[PDB]
Amino acid sequence: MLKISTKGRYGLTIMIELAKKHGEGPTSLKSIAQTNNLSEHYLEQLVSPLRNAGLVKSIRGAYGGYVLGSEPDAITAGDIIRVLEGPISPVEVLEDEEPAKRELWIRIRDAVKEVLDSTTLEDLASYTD
Amino acid sequence: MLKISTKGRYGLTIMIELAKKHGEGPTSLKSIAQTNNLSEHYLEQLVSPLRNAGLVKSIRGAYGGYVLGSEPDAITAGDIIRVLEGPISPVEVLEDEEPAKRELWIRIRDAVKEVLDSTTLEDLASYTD
Amino acid sequence: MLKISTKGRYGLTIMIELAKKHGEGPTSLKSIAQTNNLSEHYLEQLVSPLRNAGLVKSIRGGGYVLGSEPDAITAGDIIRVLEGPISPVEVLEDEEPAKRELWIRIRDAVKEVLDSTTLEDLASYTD
Amino acid sequence: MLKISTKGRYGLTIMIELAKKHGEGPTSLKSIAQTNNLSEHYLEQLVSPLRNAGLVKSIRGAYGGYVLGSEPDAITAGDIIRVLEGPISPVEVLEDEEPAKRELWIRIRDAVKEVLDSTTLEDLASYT
Amino acid sequence: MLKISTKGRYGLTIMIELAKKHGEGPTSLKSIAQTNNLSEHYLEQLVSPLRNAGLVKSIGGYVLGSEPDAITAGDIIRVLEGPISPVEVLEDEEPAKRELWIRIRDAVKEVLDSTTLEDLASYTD
Amino acid sequence: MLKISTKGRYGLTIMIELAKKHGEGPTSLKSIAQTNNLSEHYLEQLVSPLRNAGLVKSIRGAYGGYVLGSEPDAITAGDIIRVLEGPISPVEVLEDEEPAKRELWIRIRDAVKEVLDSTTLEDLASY
Ligand SMILES: [Cl-]
Ligand SMILES: [Cl-]
Ligand SMILES: [Cl-]
């Protein structure tokens with residue numbers, strides 16, 4: 001029933017990897033790409049807006065890479081999704097739709113928004129295998 | 001992010017129209033279609049599974065049509081969606097997924113399912129005049 | 001931007017084939033499926049609503065014919081039965097007129113093509 | 001039945017905001033984002049191709065921001081959509097689809113293209 | 001990339017369950033729905049075309065209309081979702097530009113046409 | 001049945017145009033856009049990741065433009081798609097889907113990946 005966009009999935013992956021390595025020095029996009037079986041050049045397109053938003057910082061050099069732009073408990077899943085995908089809309093509200101159905105979509109939207117706004121990177125990084 | 005189709009939207013429309021007219025005798029698909037500016041012949045494709053699930057009952061005769069198969073408080077948005085669109089719980093996954101990476105999407109899925117399972121036809125009919 | 005599904009596409013295929021054979025006796029779904037390289041059992045799922053809408057008639061013994069003259073049936077009539085409404089457009093809550101305007105104009109233009117394109121016109125295109 | 005992409009919707013929003021503020025000096029992306037309850041960092045991804053196309057101009061400095069690259073009557077909804085989303089193709093045409101159906105998709109495409117090419121930012125900004 | 005919907009997914013579920021129970025008497029849609037945690041009334045919408053195509057036979061339950069090795073994923077998908085061959089094209093498409101998408105389409109069709117229910121029934125849980 | 005993304009379609013178009021002009025000097029995005037009836041400013045959004053991956057090289061100047069970053073036989077359709085779209089996943093795998101269906105999606109994925117990994121720009125440019 002639920003669909004997860006590639007931008008959102010992998011943008012959150014970058015952030016979670018960085019949260020797991022918080023205080024352990026920079027992490028190269030190359031290593032995140034290698035860990036997650038994807039192109040570093042695909043990942044670069046996702047980090048760019050995260051870097052512009054100050055959610056991540058790029059450290060230059062041979063031992064360079066990315067770090068979080070704030071503590072993991074100060075970044076939410078919602079902060080990340082809003083930068084990469086724009087506003088949250090789980091069910092599109094359509095022109096002249098019945099108020100009962102519009103109310104159902106608002107309730108769904110509020111419940112999704114509450115999950116995004118109450119889930120920090122620290123919380124997600126705490127899940128291990 | 002949620003894949004509720006035209007089937008689900010209009011299947012909910014039928015159920016809401018019937019909940020608003022609960023205890024007021026049968027309602028024809030023709031009048032529901034007329035009220036909502038849709039083809040009755042599109043709506044007919046949605047009633048058959050709703051009728052098979054016992055969510056609606058067909059009353060024969062010239063003054064016949066449809067009634068709810070239960071009280072509005074005994075039918076949820078989730079009950080309707082499951083019949084018309086299939087399961088609510090499935091979420092897109094990666095093979096051998098790591099708990100940290102999958103977690104956000106599970107929380108979103110659970111929050112959506114909770115809204116759908118806790119919103120009754122009585123609740124939907126209360127959102128409108 | 002317009003979501004016409006496989007249902008709509010093949011529902012139009014049925015109607016166009018029947019318009020081409022108008023006044024030439026009944027046409028079986030098997031024949032339409034064979035001509036179009038698809039399953040008759042996929043096409044069967046589309047005929048029932050078209051028949052209920054009176055867009056097609058089933059001849060016992062046999063096959064299908066149009067329920068009206070080709071010039072009296074539009075692409076719009078067919079799409080509404082198989083896919084649902086053509087008008088609804090995705091809107092933002094507390095929408096400003098300037099921002100929504102373009103999408104209303106697009107919706108109206110699409111609806112006009114669908115409502116003014118008849119089966120007689122479409123049946124005149126071949127090969 | 002009609003789907004509106006996020007890129008198209010919000011790219012068009014930036015342009016409409018700039019058309020409403022035409023002749024009122026530069027407008028920062030931050031204020032457009034604030035007005036529309038969006039991240040400025042989401043909007044940045046849409047403005048870069050619009051700037052590359054000359055549809056918007058960036059004015060530097062303390063009072064800097066964006067302005068339109070031409071008069072609002074000289075920019076169409078079509079000019080904006082082509083930069084952000086590529087070619088206008090409302091219904092995808094499928095291999096070996098019959099000529100009658102191919103014709104219907106072409107007619108829909110032409111009608112959409114006419115609306116896009118005949119609607120200016122001046123026209124859209126005129127709606128209160 | 002693929003036009004494989006909930007209809008196709010659950011239509012495959014029905015066929016796989018029936019292949020697993022081949023020669024073990026009829027199986028109801030209710031038990032298939034119970035095994036797979038979904039509505040029997042959603043599955044009921046999928047059986048009618050499978051029955052019309054002779055892929056399933058109705059006896060209170062269903063059996064396969066042929067041996068599991070004689071039914072492919074392609075046979076099932078074609079009935080429920082429509083053709084496998086159509087691919088999105090540009091008008092006046094040049095061969096070099098369309099080629100990759102034709103090759104992808106052919107490879108997908110080959111997987112579907114070469115996968116049988118006997119093969120699929122060997123994967124358990 | 002098969003859907004082709006705009007990014008993938010046009011990203012591949014850029015690479016194919018460059019492969020056809022390999023050894024014929026630089027090609028501007030303006031001429032590729034003109035040949036393909038699309039905006040150069042839409043194409044520019046696709047070239048930047050391809051340039052970052054070293055799949056194309058930009059030659060500066062008034063007679064500048066793009067060239068391939070390697071020989072056409074050394075670049076695959078898979079190298080291009082992975083940069084622009086991410087991982088190849090034709091049918092999404094859903095939580096708790098039965099192993100028989102998960103296996104079918106893996107087989108589709110492997111067959112698509114084999115086409116992408118075995119098709120070079122030299123191969124495509126030869127048509
Ligand atoms: Cl890095
Ligand atoms: Cl700015
Ligand atoms: Cl260039």
# chains A, B, ... in the order shown; residues from 1 in each chain; ligands from 1
call {"tool": "residues_around", "arguments": {"residues": "segment 42-46 of chain D", "least_positions_apart": "2", "cutoff": "10 Å", "atoms": "only C-alpha atoms", "output": "CSV table (one decimal) with N, CA and C atoms, in the first residue's frame"}}
result
chain,number,residue,atom,x,y,z
A,48,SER,N,23.8,17.1,-2.4
A,48,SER,CA,23.9,18.5,-2.7
A,48,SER,C,22.9,19.4,-2.0
A,49,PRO,N,21.5,19.2,-2.1
A,49,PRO,CA,20.5,20.0,-1.4
A,49,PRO,C,20.7,19.8,0.1
A,50,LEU,N,21.1,18.6,0.6
A,50,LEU,CA,21.3,18.4,2.1
A,50,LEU,C,22.4,19.3,2.6
A,52,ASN,N,23.4,22.2,1.0
A,52,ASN,CA,22.9,23.6,0.9
A,52,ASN,C,22.1,24.0,2.1
A,53,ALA,N,21.3,23.0,2.6
A,53,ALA,CA,20.4,23.2,3.8
A,53,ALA,C,21.2,23.2,5.1
A,81,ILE,N,13.3,15.0,4.4
A,81,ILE,CA,12.3,14.9,3.3
A,81,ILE,C,11.8,16.2,2.7
A,82,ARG,N,11.6,17.2,3.5
A,82,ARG,CA,11.2,18.6,3.1
A,82,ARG,C,12.2,19.2,2.1
A,83,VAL,N,13.5,19.0,2.3
A,83,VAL,CA,14.6,19.5,1.5
A,83,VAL,C,14.7,18.7,0.2
A,84,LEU,N,14.6,17.4,0.2
A,84,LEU,CA,14.7,16.6,-1.0
A,84,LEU,C,13.5,16.5,-1.8
A,85,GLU,N,12.3,16.4,-1.2
A,85,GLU,CA,11.1,16.1,-2.0
A,85,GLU,C,10.0,17.2,-2.0
A,86,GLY,N,10.2,18.2,-1.1
A,86,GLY,CA,9.2,19.2,-0.9
A,86,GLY,C,8.1,18.9,0.1
A,87,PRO,N,6.9,19.5,0.0
A,87,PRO,CA,5.9,19.2,1.0
A,87,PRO,C,5.3,17.7,1.0
D,7,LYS,N,7.6,19.3,-9.4
D,7,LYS,CA,8.6,20.2,-10.0
D,7,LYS,C,7.9,21.3,-10.8
D,8,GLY,N,6.9,20.9,-11.6
D,8,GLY,CA,6.2,21.7,-12.5
D,8,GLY,C,5.3,22.7,-11.6
D,10,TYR,N,5.7,23.7,-8.4
D,10,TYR,CA,6.5,24.6,-7.6
D,10,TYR,C,7.4,25.5,-8.4
D,11,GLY,N,7.8,25.0,-9.6
D,11,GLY,CA,8.6,25.8,-10.6
D,11,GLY,C,7.7,26.9,-11.1
D,12,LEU,N,6.5,26.6,-11.4
D,12,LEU,CA,5.5,27.5,-11.8
D,12,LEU,C,5.2,28.6,-10.7
D,13,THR,N,5.1,28.1,-9.4
D,13,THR,CA,4.9,29.0,-8.2
D,13,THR,C,6.0,30.0,-8.1
D,14,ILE,N,7.3,29.6,-8.2
D,14,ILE,CA,8.4,30.6,-8.2
D,14,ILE,C,8.2,31.7,-9.2
D,29,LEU,N,14.8,33.9,-2.5
D,29,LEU,CA,14.2,32.6,-2.6
D,29,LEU,C,13.6,32.2,-1.2
D,30,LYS,N,14.3,32.7,-0.2
D,30,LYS,CA,13.8,32.5,1.2
D,30,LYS,C,12.4,33.0,1.4
D,32,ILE,N,10.0,33.6,-1.0
D,32,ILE,CA,9.1,32.8,-1.8
D,32,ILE,C,8.8,31.5,-1.0
D,33,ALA,N,9.9,30.8,-0.5
D,33,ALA,CA,9.7,29.6,0.3
D,33,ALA,C,8.8,29.8,1.5
D,38,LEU,N,7.4,26.0,2.0
D,38,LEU,CA,8.3,25.1,1.4
D,38,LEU,C,9.7,25.4,1.9
D,39,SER,N,10.6,24.4,1.8
D,39,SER,CA,12.0,24.6,2.1
D,39,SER,C,12.7,25.4,0.9
D,40,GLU,N,13.4,26.4,1.3
D,40,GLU,CA,14.2,27.2,0.3
D,40,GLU,C,15.2,26.3,-0.4
D,48,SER,N,17.8,26.9,-10.3
D,48,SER,CA,19.0,26.7,-11.1
D,48,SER,C,18.7,26.5,-12.6
D,49,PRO,N,17.9,25.5,-13.0
D,49,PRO,CA,17.6,25.5,-14.5
D,49,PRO,C,16.9,26.7,-15.0
D,50,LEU,N,15.9,27.3,-14.2
D,50,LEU,CA,15.2,28.5,-14.6
D,50,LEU,C,16.2,29.7,-14.8
D,51,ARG,N,17.2,29.8,-14.0
D,51,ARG,CA,18.3,30.8,-14.1
D,51,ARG,C,19.2,30.5,-15.3
D,83,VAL,N,11.7,23.6,-19.6
D,83,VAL,CA,13.0,23.6,-18.9
D,83,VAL,C,13.0,22.7,-17.7
D,84,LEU,N,12.0,22.6,-16.9
D,84,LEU,CA,12.0,21.8,-15.7
D,84,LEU,C,11.6,20.3,-16.0
F,45,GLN,N,20.5,19.5,-16.8
F,45,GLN,CA,20.3,18.8,-15.5
F,45,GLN,C,20.7,17.3,-15.5
call {"tool": "calpha_fit_and_write", "arguments": {"fixed": "chain B", "moving": "chain A", "output": "PDB file with C-alpha atoms, in the first residue's frame"}}
result
ATOM      1  CA  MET A   1       3.403  13.266  -1.343  1.00  0.00           C
ATOM      2  CA  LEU A   2       0.308  11.006  -0.787  1.00  0.00           C
ATOM      3  CA  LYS A   3      -1.404   9.218  -3.717  1.00  0.00           C
ATOM      4  CA  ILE A   4      -5.058   8.040  -3.505  1.00  0.00           C
ATOM      5  CA  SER A   5      -6.144   5.129  -5.859  1.00  0.00           C
ATOM      6  CA  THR A   6      -9.338   5.622  -7.889  1.00  0.00           C
ATOM      7  CA  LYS A   7     -10.819   2.333  -6.517  1.00  0.00           C
ATOM      8  CA  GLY A   8     -10.162   3.376  -2.900  1.00  0.00           C
ATOM      9  CA  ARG A   9     -11.337   6.962  -3.440  1.00  0.00           C
ATOM     10  CA  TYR A  10     -14.627   6.007  -5.093  1.00  0.00           C
ATOM     11  CA  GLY A  11     -15.220   2.881  -3.039  1.00  0.00           C
ATOM     12  CA  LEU A  12     -15.014   5.064   0.081  1.00  0.00           C
ATOM     13  CA  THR A  13     -17.317   7.662  -1.627  1.00  0.00           C
ATOM     14  CA  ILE A  14     -20.049   5.011  -2.172  1.00  0.00           C
ATOM     15  CA  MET A  15     -19.786   3.989   1.506  1.00  0.00           C
ATOM     16  CA  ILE A  16     -19.838   7.562   2.852  1.00  0.00           C
ATOM     17  CA  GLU A  17     -22.966   8.365   0.683  1.00  0.00           C
ATOM     18  CA  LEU A  18     -24.684   5.278   2.120  1.00  0.00           C
ATOM     19  CA  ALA A  19     -23.632   6.222   5.700  1.00  0.00           C
ATOM     20  CA  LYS A  20     -25.106   9.761   5.209  1.00  0.00           C
ATOM     21  CA  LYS A  21     -28.427   8.177   4.113  1.00  0.00           C
ATOM     22  CA  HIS A  22     -28.448   5.428   6.781  1.00  0.00           C
ATOM     23  CA  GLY A  23     -32.056   4.719   7.904  1.00  0.00           C
ATOM     24  CA  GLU A  24     -33.459   6.838   5.025  1.00  0.00           C
ATOM     25  CA  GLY A  25     -34.235   3.899   2.692  1.00  0.00           C
ATOM     26  CA  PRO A  26     -32.238   2.565  -0.300  1.00  0.00           C
ATOM     27  CA  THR A  27     -29.955   4.749  -2.465  1.00  0.00           C
ATOM     28  CA  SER A  28     -29.599   3.855  -6.167  1.00  0.00           C
ATOM     29  CA  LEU A  29     -26.087   3.573  -7.630  1.00  0.00           C
ATOM     30  CA  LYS A  30     -27.462   5.888 -10.371  1.00  0.00           C
ATOM     31  CA  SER A  31     -28.017   8.739  -7.833  1.00  0.00           C
ATOM     32  CA  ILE A  32     -24.566   8.202  -6.180  1.00  0.00           C
ATOM     33  CA  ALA A  33     -23.012   8.321  -9.712  1.00  0.00           C
ATOM     34  CA  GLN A  34     -25.000  11.502 -10.585  1.00  0.00           C
ATOM     35  CA  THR A  35     -23.972  13.228  -7.261  1.00  0.00           C
ATOM     36  CA  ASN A  36     -20.289  12.333  -7.877  1.00  0.00           C
ATOM     37  CA  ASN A  37     -20.092  13.028 -11.651  1.00  0.00           C
ATOM     38  CA  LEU A  38     -19.154   9.490 -12.678  1.00  0.00           C
ATOM     39  CA  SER A  39     -20.561   6.480 -14.538  1.00  0.00           C
ATOM     40  CA  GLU A  40     -22.907   4.199 -12.587  1.00  0.00           C
ATOM     41  CA  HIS A  41     -21.233   1.385 -14.614  1.00  0.00           C
ATOM     42  CA  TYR A  42     -17.820   2.331 -13.203  1.00  0.00           C
ATOM     43  CA  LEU A  43     -19.348   2.396  -9.617  1.00  0.00           C
ATOM     44  CA  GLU A  44     -20.941  -1.053 -10.134  1.00  0.00           C
ATOM     45  CA  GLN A  45     -17.435  -2.646 -10.393  1.00  0.00           C
ATOM     46  CA  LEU A  46     -16.592  -1.228  -6.898  1.00  0.00           C
ATOM     47  CA  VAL A  47     -19.840  -2.159  -5.134  1.00  0.00           C
ATOM     48  CA  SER A  48     -19.744  -5.774  -6.299  1.00  0.00           C
ATOM     49  CA  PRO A  49     -16.895  -6.851  -3.846  1.00  0.00           C
ATOM     50  CA  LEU A  50     -18.431  -4.587  -1.101  1.00  0.00           C
ATOM     51  CA  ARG A  51     -21.747  -6.484  -1.587  1.00  0.00           C
ATOM     52  CA  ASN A  52     -19.976  -9.912  -1.526  1.00  0.00           C
ATOM     53  CA  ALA A  53     -18.274  -8.882   1.765  1.00  0.00           C
ATOM     54  CA  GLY A  54     -21.702  -7.981   3.268  1.00  0.00           C
ATOM     55  CA  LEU A  55     -20.576  -4.345   3.700  1.00  0.00           C
ATOM     56  CA  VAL A  56     -23.577  -3.292   1.555  1.00  0.00           C
ATOM     57  CA  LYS A  57     -26.925  -4.911   0.696  1.00  0.00           C
ATOM     58  CA  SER A  58     -28.746  -4.561  -2.643  1.00  0.00           C
ATOM     59  CA  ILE A  59     -32.527  -3.971  -2.335  1.00  0.00           C
ATOM     60  CA  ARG A  60     -34.441  -4.778  -5.514  1.00  0.00           C
ATOM     61  CA  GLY A  61     -37.326  -2.881  -7.194  1.00  0.00           C
ATOM     62  CA  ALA A  62     -38.239   0.632  -8.521  1.00  0.00           C
ATOM     63  CA  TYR A  63     -37.578   2.115  -5.043  1.00  0.00           C
ATOM     64  CA  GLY A  64     -34.612  -0.197  -4.528  1.00  0.00           C
ATOM     65  CA  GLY A  65     -30.920   0.563  -4.249  1.00  0.00           C
ATOM     66  CA  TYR A  66     -28.144   0.029  -1.742  1.00  0.00           C
ATOM     67  CA  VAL A  67     -28.036   0.186   2.060  1.00  0.00           C
ATOM     68  CA  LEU A  68     -25.155  -0.505   4.480  1.00  0.00           C
ATOM     69  CA  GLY A  69     -24.783  -4.119   5.618  1.00  0.00           C
ATOM     70  CA  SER A  70     -24.117  -2.946   9.234  1.00  0.00           C
ATOM     71  CA  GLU A  71     -24.459   0.227  11.332  1.00  0.00           C
ATOM     72  CA  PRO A  72     -22.080   3.046  10.162  1.00  0.00           C
ATOM     73  CA  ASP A  73     -20.125   2.848  13.479  1.00  0.00           C
ATOM     74  CA  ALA A  74     -19.448  -0.880  12.851  1.00  0.00           C
ATOM     75  CA  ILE A  75     -17.724  -0.321   9.432  1.00  0.00           C
ATOM     76  CA  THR A  76     -14.223   1.159   9.217  1.00  0.00           C
ATOM     77  CA  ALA A  77     -12.289   2.716   6.334  1.00  0.00           C
ATOM     78  CA  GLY A  78      -9.907  -0.266   6.788  1.00  0.00           C
ATOM     79  CA  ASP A  79     -12.746  -2.832   6.288  1.00  0.00           C
ATOM     80  CA  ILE A  80     -13.550  -1.150   2.936  1.00  0.00           C
ATOM     81  CA  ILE A  81      -9.944  -0.737   1.665  1.00  0.00           C
ATOM     82  CA  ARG A  82      -8.998  -4.376   2.512  1.00  0.00           C
ATOM     83  CA  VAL A  83     -11.887  -5.674   0.310  1.00  0.00           C
ATOM     84  CA  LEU A  84     -11.238  -3.370  -2.629  1.00  0.00           C
ATOM     85  CA  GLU A  85      -7.450  -3.061  -2.703  1.00  0.00           C
ATOM     86  CA  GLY A  86      -6.020  -5.844  -0.590  1.00  0.00           C
ATOM     87  CA  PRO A  87      -3.319  -5.337   2.098  1.00  0.00           C
ATOM     88  CA  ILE A  88      -2.115  -1.805   3.036  1.00  0.00           C
ATOM     89  CA  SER A  89       1.490  -1.076   1.863  1.00  0.00           C
ATOM     90  CA  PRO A  90       2.264   2.722   1.902  1.00  0.00           C
ATOM     91  CA  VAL A  91       6.011   2.160   1.170  1.00  0.00           C
ATOM     92  CA  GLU A  92       7.194  -1.061  -0.492  1.00  0.00           C
ATOM     93  CA  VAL A  93       9.808  -2.896   1.549  1.00  0.00           C
ATOM     94  CA  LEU A  94      12.566  -4.117  -0.835  1.00  0.00           C
ATOM     95  CA  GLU A  95      14.782  -7.263  -0.730  1.00  0.00           C
ATOM     96  CA  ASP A  96      17.967  -6.808   1.409  1.00  0.00           C
ATOM     97  CA  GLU A  97      16.864  -3.275   2.504  1.00  0.00           C
ATOM     98  CA  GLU A  98      18.712  -1.901   5.564  1.00  0.00           C
ATOM     99  CA  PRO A  99      16.884  -2.700   8.913  1.00  0.00           C
ATOM    100  CA  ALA A 100      16.697   1.074   9.791  1.00  0.00           C
ATOM    101  CA  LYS A 101      14.752   1.807   6.549  1.00  0.00           C
ATOM    102  CA  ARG A 102      12.560  -1.322   6.972  1.00  0.00           C
ATOM    103  CA  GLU A 103      11.725  -0.088  10.515  1.00  0.00           C
ATOM    104  CA  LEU A 104      10.746   3.375   9.094  1.00  0.00           C
ATOM    105  CA  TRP A 105       8.352   1.683   6.537  1.00  0.00           C
ATOM    106  CA  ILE A 106       6.816  -0.484   9.329  1.00  0.00           C
ATOM    107  CA  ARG A 107       6.213   2.644  11.458  1.00  0.00           C
ATOM    108  CA  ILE A 108       4.552   4.401   8.450  1.00  0.00           C
ATOM    109  CA  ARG A 109       2.448   1.252   7.733  1.00  0.00           C
ATOM    110  CA  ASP A 110       1.340   1.009  11.395  1.00  0.00           C
ATOM    111  CA  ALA A 111       0.348   4.707  11.511  1.00  0.00           C
ATOM    112  CA  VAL A 112      -1.705   4.364   8.252  1.00  0.00           C
ATOM    113  CA  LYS A 113      -3.306   1.105   9.495  1.00  0.00           C
ATOM    114  CA  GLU A 114      -4.243   2.801  12.825  1.00  0.00           C
ATOM    115  CA  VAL A 115      -6.019   5.643  10.891  1.00  0.00           C
ATOM    116  CA  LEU A 116      -7.907   3.053   8.785  1.00  0.00           C
ATOM    117  CA  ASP A 117      -8.844   0.862  11.700  1.00  0.00           C
ATOM    118  CA  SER A 118      -9.936   3.673  14.055  1.00  0.00           C
ATOM    119  CA  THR A 119     -11.973   5.693  11.469  1.00  0.00           C
ATOM    120  CA  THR A 120     -15.594   4.498  11.147  1.00  0.00           C
ATOM    121  CA  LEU A 121     -18.111   5.471   8.388  1.00  0.00           C
ATOM    122  CA  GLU A 122     -20.188   7.174  11.124  1.00  0.00           C
ATOM    123  CA  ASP A 123     -17.160   9.400  11.889  1.00  0.00           C
ATOM    124  CA  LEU A 124     -16.593  10.296   8.181  1.00  0.00           C
ATOM    125  CA  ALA A 125     -20.339  10.844   7.533  1.00  0.00           C
ATOM    126  CA  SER A 126     -20.371  13.418  10.422  1.00  0.00           C
ATOM    127  CA  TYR A 127     -18.360  15.873   8.244  1.00  0.00           C
ATOM    128  CA  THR A 128     -20.743  18.306   6.500  1.00  0.00           C
ATOM    129  CA  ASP A 129     -20.185  21.446   4.350  1.00  0.00           C
TER     130      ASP A 129
END
call {"tool": "residues_near_ligand", "arguments": {"ligand": "ligand 2", "cutoff": "10 Å", "atoms": "only C-alpha atoms and all ligand atoms", "output": "number ranges by chain"}}
result
D: 26-32, 40, 44, 47, 58-61, 63-67
call {"tool": "write_last_selection", "arguments": {"atoms": "N, CA, C and O atoms", "output": "compact mmCIF listing (two decimals), in the first residue's frame"}}
result
# COMPACT_ATOMS: atom_id res chain seq x y z
N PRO D 26 14.38 43.04 -6.22
CA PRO D 26 14.65 41.59 -6.10
C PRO D 26 13.86 40.91 -4.99
O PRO D 26 13.47 41.56 -4.02
N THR D 27 13.60 39.61 -5.15
CA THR D 27 12.87 38.79 -4.17
C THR D 27 13.75 37.61 -3.84
O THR D 27 14.18 36.89 -4.75
N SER D 28 14.05 37.43 -2.56
CA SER D 28 14.89 36.30 -2.19
C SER D 28 14.08 34.99 -2.29
O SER D 28 12.83 34.98 -2.16
N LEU D 29 14.78 33.89 -2.54
CA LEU D 29 14.18 32.56 -2.58
C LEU D 29 13.61 32.22 -1.22
O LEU D 29 12.56 31.60 -1.11
N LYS D 30 14.29 32.68 -0.17
CA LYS D 30 13.85 32.49 1.22
C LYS D 30 12.42 33.04 1.42
O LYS D 30 11.59 32.33 1.98
N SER D 31 12.11 34.27 0.95
CA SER D 31 10.74 34.80 1.11
C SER D 31 9.69 34.05 0.28
O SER D 31 8.59 33.83 0.78
N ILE D 32 10.04 33.61 -0.95
CA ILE D 32 9.12 32.81 -1.78
C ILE D 32 8.83 31.48 -1.04
O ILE D 32 7.68 31.06 -0.95
N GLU D 40 13.45 26.45 1.26
CA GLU D 40 14.21 27.24 0.31
C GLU D 40 15.18 26.31 -0.44
O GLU D 40 15.46 26.52 -1.62
N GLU D 44 15.59 25.85 -4.39
CA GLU D 44 16.90 26.04 -5.03
C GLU D 44 17.10 25.06 -6.19
O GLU D 44 17.70 25.43 -7.21
N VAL D 47 15.07 26.53 -9.17
CA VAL D 47 15.55 27.82 -9.69
C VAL D 47 16.77 27.76 -10.57
O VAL D 47 16.85 28.57 -11.47
N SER D 58 19.58 36.50 -11.16
CA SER D 58 19.96 36.66 -9.77
C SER D 58 20.67 38.03 -9.64
O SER D 58 21.58 38.34 -10.42
N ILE D 59 20.21 38.87 -8.70
CA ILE D 59 20.85 40.17 -8.44
C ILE D 59 21.65 40.00 -7.14
O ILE D 59 21.10 39.59 -6.14
N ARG D 60 22.96 40.23 -7.18
CA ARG D 60 23.80 40.05 -5.99
C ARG D 60 23.67 41.19 -4.96
O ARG D 60 23.07 42.23 -5.25
N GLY D 61 24.20 40.95 -3.76
CA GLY D 61 24.23 41.94 -2.70
C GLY D 61 23.28 41.74 -1.54
O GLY D 61 22.47 40.82 -1.55
N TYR D 63 20.69 43.42 -0.66
CA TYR D 63 19.27 43.54 -0.99
C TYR D 63 18.96 42.74 -2.24
O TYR D 63 17.97 43.00 -2.93
N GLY D 64 19.82 41.76 -2.52
CA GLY D 64 19.71 40.94 -3.71
C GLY D 64 18.58 39.94 -3.69
O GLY D 64 17.78 39.85 -2.74
N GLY D 65 18.50 39.17 -4.76
CA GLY D 65 17.45 38.19 -4.93
C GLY D 65 17.18 38.00 -6.40
O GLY D 65 17.97 38.43 -7.25
N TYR D 66 16.03 37.40 -6.69
CA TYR D 66 15.64 37.12 -8.06
C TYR D 66 14.67 38.10 -8.64
O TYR D 66 13.84 38.65 -7.93
N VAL D 67 14.75 38.27 -9.95
CA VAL D 67 13.82 39.02 -10.79
C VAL D 67 13.58 38.15 -12.04
O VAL D 67 14.36 37.23 -12.31
call {"tool": "atom_distance", "arguments": {"atom1": "atom CA of residue 25 of chain D", "atom2": "atom CA of residue 9 of chain D"}}
result
24.0 Å
call {"tool": "select_by_dssp", "arguments": {"residues": "chain E", "states": "alpha helix (DSSP H)", "output": "PyMOL selection string"}}
result
chain E and resi 6-20+29-35+40-52+73-81+95-114+117-121
call {"tool": "residues_around", "arguments": {"residues": "residue 114 of chain E", "least_positions_apart": "4", "cutoff": "9 Å", "atoms": "only C-alpha atoms", "output": "PyMOL selection string"}}
result
chain E and resi 72-74+109-110
call {"tool": "write_last_selection", "arguments": {"atoms": "C-alpha atoms", "output": "PDB file, in the first residue's frame"}}
result
ATOM      1  CA  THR E  72       3.856 -19.599 -17.042  1.00  0.00           C
ATOM      2  CA  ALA E  73       3.988 -16.292 -15.105  1.00  0.00           C
ATOM      3  CA  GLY E  74       3.464 -14.733 -18.617  1.00  0.00           C
ATOM      4  CA  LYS E 109       9.041 -11.099 -21.659  1.00  0.00           C
ATOM      5  CA  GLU E 110      11.592 -13.995 -21.760  1.00  0.00           C
TER       6      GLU E 110
END
call {"tool": "select_by_dssp", "arguments": {"residues": "segment 45-97 of chain B", "states": "strand (DSSP E or B)", "output": "list in words"}}
result
residues 56, 57, 58, 59, 65, 66, 67, 68, 76, 91, 92 and 93 of chain B
call {"tool": "residues_near_ligand", "arguments": {"ligand": "ligand 3", "cutoff": "10 Å", "atoms": "only C-alpha atoms and all ligand atoms", "output": "VMD selection string"}}
result
chain F and resid 26 to 32 40 43 to 44 47 58 to 67
call {"tool": "interface_residues", "arguments": {"of": "chain C", "to": "chain D", "cutoff": "6 Å", "atoms": "only C-alpha atoms", "output": "ChimeraX atom specification"}}
result
/C:1-3,86,88-89,97-98,106,109-110,122,125
call {"tool": "residues_around", "arguments": {"residues": "residue 58 of chain C", "least_positions_apart": "5", "cutoff": "12 Å", "atoms": "only C-alpha atoms", "output": "PyMOL selection string"}}
result
chain C and resi 18+25-29+47-48+50-52+63-67
call {"tool": "interface_residues", "arguments": {"of": "chain E", "to": "chain F", "cutoff": "9 Å", "atoms": "only C-alpha atoms", "output": "PyMOL selection string"}}
result
chain E and resi 1-4+9+12-13+16+36+73+81-89+94-101+103-105+107-112+115+119-125
call {"tool": "closest_atom_pairs", "arguments": {"of": "chain E", "to": "chain C", "cutoff": "8 Å", "atoms": "only C-alpha atoms", "output": "Markdown table"}}
result
| residue | atom | partner | partner_atom | distance |
| --- | --- | --- | --- | --- |
| E:49 | CA | C:41 | CA | 5.7 |
| E:50 | CA | C:41 | CA | 7.9 |
| E:52 | CA | C:41 | CA | 6.3 |
| E:53 | CA | C:41 | CA | 5.9 |
| E:78 | CA | C:39 | CA | 6.3 |
| E:79 | CA | C:42 | CA | 4.8 |
| E:80 | CA | C:42 | CA | 6.0 |
| E:81 | CA | C:42 | CA | 7.0 |
| E:82 | CA | C:42 | CA | 5.9 |
| E:83 | CA | C:38 | CA | 5.7 |
